[PDB]
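Naming: A, B, ... by sequence-line order, numbering from 1 per chain. Reckoned from all heavy atoms, side chains included, excluding hydrogens, waters and symmetry mates.
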Amino acid sequence: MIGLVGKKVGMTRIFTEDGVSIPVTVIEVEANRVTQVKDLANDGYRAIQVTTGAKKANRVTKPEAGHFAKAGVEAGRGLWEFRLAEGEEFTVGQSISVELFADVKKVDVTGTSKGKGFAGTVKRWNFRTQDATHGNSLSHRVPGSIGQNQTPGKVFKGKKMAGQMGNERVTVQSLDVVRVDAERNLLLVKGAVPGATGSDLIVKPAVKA
Amino acid sequence: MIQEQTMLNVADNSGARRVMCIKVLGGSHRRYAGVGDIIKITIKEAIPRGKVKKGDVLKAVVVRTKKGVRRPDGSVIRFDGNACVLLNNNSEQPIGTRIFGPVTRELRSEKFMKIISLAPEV
Amino acid sequence: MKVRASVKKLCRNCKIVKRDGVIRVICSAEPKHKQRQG
Amino acid sequence: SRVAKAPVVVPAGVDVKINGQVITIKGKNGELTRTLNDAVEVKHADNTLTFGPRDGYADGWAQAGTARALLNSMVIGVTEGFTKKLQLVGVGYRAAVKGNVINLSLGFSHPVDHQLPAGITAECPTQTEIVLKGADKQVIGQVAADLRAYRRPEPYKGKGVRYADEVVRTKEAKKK
RNA sequence: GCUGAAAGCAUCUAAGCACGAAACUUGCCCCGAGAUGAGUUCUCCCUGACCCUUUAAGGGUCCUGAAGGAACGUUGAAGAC
RNA sequence: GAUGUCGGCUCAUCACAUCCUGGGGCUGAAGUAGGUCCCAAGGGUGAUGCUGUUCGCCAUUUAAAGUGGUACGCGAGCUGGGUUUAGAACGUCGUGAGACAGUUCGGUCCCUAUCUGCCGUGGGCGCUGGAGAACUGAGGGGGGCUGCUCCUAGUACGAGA
RNA sequence: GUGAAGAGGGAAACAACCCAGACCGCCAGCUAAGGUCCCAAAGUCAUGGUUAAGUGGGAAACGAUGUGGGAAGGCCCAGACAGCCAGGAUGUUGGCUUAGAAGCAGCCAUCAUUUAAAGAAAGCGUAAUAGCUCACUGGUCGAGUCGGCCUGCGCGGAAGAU
């Protein structure tokens, strides 16, 4: 089934009557407006392309403005696609809101993880550190050996070493839906989801069943 | 968190006063023992005319840690020290007859009901 | 199954059959004699 | 060889039709069709079928013999068909046919339900035996086989599904 | 294992048909059209003159400067740059 | 006209002659548990005492604590305990200087990375008028482990345990 | 003999192996060893046969109704081989440690005899003679069948590390 695009409002808890604290991530999902519909005949696959939010008209470029004009929808802050199952069809300009998840009870959330920057091998790959004392000289957090002797004579593809960590697309699967609140445009899911506060999230019904 | 080389006070009248964790049971590379968990200990000190001697190796169940336990609502219970109850090595039943100090509800697990019954608090 | 380089008839009821390129001995009398070349 | 060189005689009321290599048999128990392999030719002589090898094919005689046996079993099937009887031995082992599905209880902690194929019909004369009737010999043999496969006869009491006629040849544990 | 000859019997195989494992191909997650085999879809923008010559080509002058972009500035839960 | 040598640390990678987990045949396989052989390399595969030790022996775990190759993998990555410089001593050998694969205490480990390789991140041009987006997915990569308890059921099996 | 002190062509690459000894030039021809489907020059050449593993293109003792070819030999149209509807007139409880093991613990006796032929035994159940197939040769069915020798090509034996 299709999903929606939301925004990570933040994190809080829900207190249940039996005395259990549920850590919840709050995703504000406004109406998602179908901007395009793609089918086998024209595009070779079935999908619906939606937008959400709003953006100031003074920097919607003319190509984007023209694209939104065909659908007759208000310009949003981005565009995202969702593959269609065999059953559902949507129409251009249709508005999809949060009660899609009224009875889903398990969602996957995709976001862009917080960017850690150029991280070393210890933080990036859980490398053991070397001795802090006992004669160790200038090698406390360094990666150690990176290969064998002459026989390979080369470092293998995919070797774990320092580099950029974070700021990449991450999906967390099978998150419980604590509640769906239609009038406030809110989804409360149990647990933590990728990304900093105020970033875009893609919520889909759980595929892992 | 109790790990190997940790010294625990003893919370029953088994004769021991100080024990040392020499293994955390139940899993390869297992690191820590919480409050419901069974460890293996050696006895570092015991009272003279007692039941168990200094040096014997046997099991124990942790009952209080000052790492503490978390309750489902987020609350924690922290003690002032680490304590265990000695169990015999084969049929893991308590060796002593009295339990000193409080315990927690993490023990109410049909296996340490004796410790629950004997404990002053919980 | 006896996997061995020299398979032989052991009784009268045991029989030699080439199944899928490999020589086998299948014996109706008892399964102790069932053999394969390998 | 000798098998192929013995013609199969079609009885009255059974119909055959040879489309090049495909043979189709009409009978009172229904339809059986089969494509022969290229190395065998078959002639409808007077109320009989004759099997011979094509020319230019090695091992044509073996194929002819296989085809002859297949067609003989085919015509035997379209009349009266074939039947296979299975027994269940062991305490609490039961069978029950419901529609085209066999319900078995071979001492599992789950129910076992076998779907029959198109041409096979089952019926249980009593609680602990099954009788399969069908037209095609291969399919009914296959069904009996994978019905037995659920719990094959173990060698200390014979417990499990057995063919009604097969011997088990049980043994005994050690002494002491 | 089923049916089945070669080898009138047997036979899981030669023709044909079934099952069968954390291995294999998928299914799950990420990168991915420099996939030079450089793909597709949607949207937007630009429809003025003239000269020259070694021309089937090109060069140059005037007028024009779009959609966009970049640069600059205030910056960021993005970042060595 | 120099290829640094034992063990540890860090980081690995492949083979399969498989330690566990998966699938099977035979059993002198009642059950539980085993023995042996065949298929299988996806993942997993202890932290301590003694010793420089690899090993080993012990103490406790674990589903298991695999066997090998990789310059006995890895010192332009670390250590420097062993070992083979110079000091000193013991036993022993030698008249002696000195010596011992005997022991004993002490004893400098350099390198700012050009190229290949690898981890990240950009610039140029291309893709055939230019531009802004959203994708398809040829290909790559990641992940792939498992215990215990309960029910089925104290049932099947066993004479009983 | 060659390399050293010899280049050229082949052997993928490869001093020392195979062919062959470079005075210089040619956008001429014939050959050697090796080759002739494409990389890559030349036969998708001709005739006859073999092999089915990618054997060819790694590896033995040994194992096997893989097939191709010989030289001989039995069993047989008086009926062979296989399969079947084919089973049986020992004095017999005829000698064992025994108030039947005379065949199935271990020996002799194997003497009288039956058929058209059949049997003091090879098993199994039962240590147990009480039940199965026995090497029976009676019948049906009616053309090949059973082993051994020499030999060509194949099959398994056959597990390693970027």
request  = Measure from the side chain of D:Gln138, starting at C-beta and using heavy atoms only, and say which of E:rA14, E:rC17, F:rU70 lies closest.
outcome  = E:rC17
query = For the pair made of CD in A:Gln150 and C1' in F:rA12, what is the distance, rounded to whole Å?
reply = 18 Å
key: Pi-cation contact, A:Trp125 with A:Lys159 (under 6.0 Å, within 45°)   = no
G:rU110: north vs south, judged on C1'-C2'-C3'-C4' = north
task = Looking at every strand, decide which applies to A:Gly144 at a 4.0 Å heavy-atom threshold: base, sugar-phosphate, or nothing.
result = base
message = Any N or O donor-acceptor pair under 3.5 Å from the base of F:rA30 to the side chain of D:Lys157?
response = no
Per B:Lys23 side chain, nearest of listed nucleotides E:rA5, E:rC45, F:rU61 = F:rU61
ask   = Does G:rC96 pair with anything, Watson-Crick or G-U wobble, both distances under 3.5 Å, and if so, with which nucleotide?
value = none
task = Please determine, for the side chain of D:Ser1, which listed nucleotide (E:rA6, E:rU41, G:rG156) has the closest atom?
result = E:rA6
task = Determine the contact category for D:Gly90: base if any of its heavy atoms lies under 4.0 Å from a base atom, sugar-phosphate if only primed atoms, P, OP1 or OP2 are that close, otherwise nothing.
result = nothing
query = Separation of D:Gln63 atom CD from E:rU13 atom P, in whole Å?
reply = 14 Å
ask   = Contact class for D:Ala69 (heavy atom, under 4.0 Å): base, sugar-phosphate, or nothing?
value = sugar-phosphate
request  = Please measure how far the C1' atom in F:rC55 lies from the corresponding atom in F:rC50, and state the result in whole Å.
outcome  = 14 Å
message = Can you tell me if D:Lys174 touches the phosphate of F:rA29, counting only side-chain N or O atoms and a distance under 4.0 Å to OP1 or OP2?
response = yes
ask   = So, north or south for the sugar of F:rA65, given that a negative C1'-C2'-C3'-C4' angle means south?
value = south
query = So, is A:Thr171 near the phosphate of E:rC30, with a side-chain N or O under 4.0 Å from OP1 or OP2?
reply = yes
request  = Tell me what B:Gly27 touches on the nucleic acid: a base, only sugar-phosphate, or nothing, going by heavy atoms under 4.0 Å.
outcome  = sugar-phosphate
inquiry  = When you measure from the side-chain N and O atoms of A:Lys70 to the phosphate of E:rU43, is any distance below 4.0 Å, counting only OP1 and OP2?
reply    = yes
task = Could you work out the separation of G:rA61 and G:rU151 based on their P atoms and round it to a whole Å?
result = 15 Å
key: More than 12 heavy atoms of other groups within 6.0 Å of B:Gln5 CD   = no
request  = Answer yes or no: does a side-chain N or O of D:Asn37 lie under 4.0 Å from OP1 or OP2 of E:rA14?
outcome  = no
key: Separation of F:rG143 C1' from A:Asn126 CG (nearest whole Å)   = 16 Å
message = Counting the atoms with a prime plus P, OP1 and OP2 as sugar-phosphate, which does A:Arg141 contact under 4.0 Å by heavy atoms, base, sugar-phosphate, or nothing?
response = nothing
request  = Look at all strands and tell whether A:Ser139 reaches a base, only sugar-phosphate, or nothing, counting heavy atoms closer than 4.0 Å.
outcome  = sugar-phosphate
note = Picking from F:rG120, E:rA6, E:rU41, the nucleotide nearest the side-chain atoms of A:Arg124 would be F:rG120
ask   = Please give, in whole Å, the distance from E:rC45 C1' to A:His67 NE2?
value = 18 Å
query = Which listed nucleotide (G:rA64, F:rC118, F:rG46) is nearest to the side chain of C:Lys8?
reply = G:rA64
ask   = Below 4.0 angstrom from OP1 or OP2 of E:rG4, is there any side-chain N or O of D:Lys137?
value = yes
inquiry  = Checking contacts here: which listed nucleotide (F:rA47, F:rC26, E:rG1) is nearest the side-chain heavy atoms of D:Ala145?
reply    = E:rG1
Distance below 4.0 Å between A:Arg83 side-chain N/O and F:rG137 OP1 or OP2 = yes
remark   = Side-chain atoms of A:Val155 come closest, of E:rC29, E:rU41, F:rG117, to F:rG117
request  = Check whether any side-chain nitrogen or oxygen of A:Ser145 sits under 4.0 Å from OP1 or OP2 of F:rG73, and answer yes or no.
outcome  = no
query = Within the modelled atom types, does a donor on one side and an acceptor on the other bring the side chain of D:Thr66 and the base of E:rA14 under 3.5 Å apart?
reply = yes
note = Considering only heavy side-chain atoms of D:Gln142, the closest of F:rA64, E:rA18, E:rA78 is E:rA18
key: F:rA134: pairing nucleotide in any strand, Watson-Crick or G-U under 3.5 angstrom   = E:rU40
Nearest-nucleotide pick for C:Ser6, side chain only, options being G:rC62, F:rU70, E:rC28 = G:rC62
ask   = Is G:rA112 on the north side or the south side, where north means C1'-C2'-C3'-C4' is positive?
value = north
query = D:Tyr156 OH to F:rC26 P: how many Å, rounded?
reply = 11 Å
Atom pair distance, as rounded to whole Å: CZ in B:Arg30 and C1' in F:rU48 = 18 Å
inquiry  = Quick check: on RNA chain G, is the nucleotide nearest C:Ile23 upstream (toward 5') of the one nearest C:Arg36, or the reverse? Name the residue that is more 5'.
reply    = C:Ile23
task = Return the value, rounded to whole Å, for the distance between atom CD1 of D:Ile140 and atom P of E:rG1.
result = 19 Å
request  = Would you check if the side chain of D:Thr128 reaches a backbone N or O of D:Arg94 as a donor-acceptor pair within less than 3.5 Å?
outcome  = no
ask   = Are the six-membered base rings of G:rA11 and G:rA12 centred less than 5.5 Å apart, with their planes inclined by less than 30 degrees?
value = no
task = For F:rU5 versus F:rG81, give the span between their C1' atoms, rounded off to a whole number of Å.
result = 15 Å
P spacing across the pair G:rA135 / G:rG87, given as an integer number of angstrom = 16 Å
message = For a quick check of understanding: with a heavy-atom distance under 4.0 Å over all strands, which category does C:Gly38 fall into, base, sugar-phosphate or nothing?
response = sugar-phosphate
remark   = Classified through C1'-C2'-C3'-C4' with positive north and negative south, G:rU115 counts as north
Rounded interatomic separation in angstrom, taking CZ from A:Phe118 and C1' from E:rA78 = 16 Å
ask   = With a non-hydrogen cut-off below 4.0 angstrom, is A:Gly44 in contact with a base, only sugar-phosphate, or nothing?
value = nothing
message = Can you tell me which nucleotide in E:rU43, F:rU27, F:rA71 comes closest to the side chain of A:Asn149?
response = F:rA71
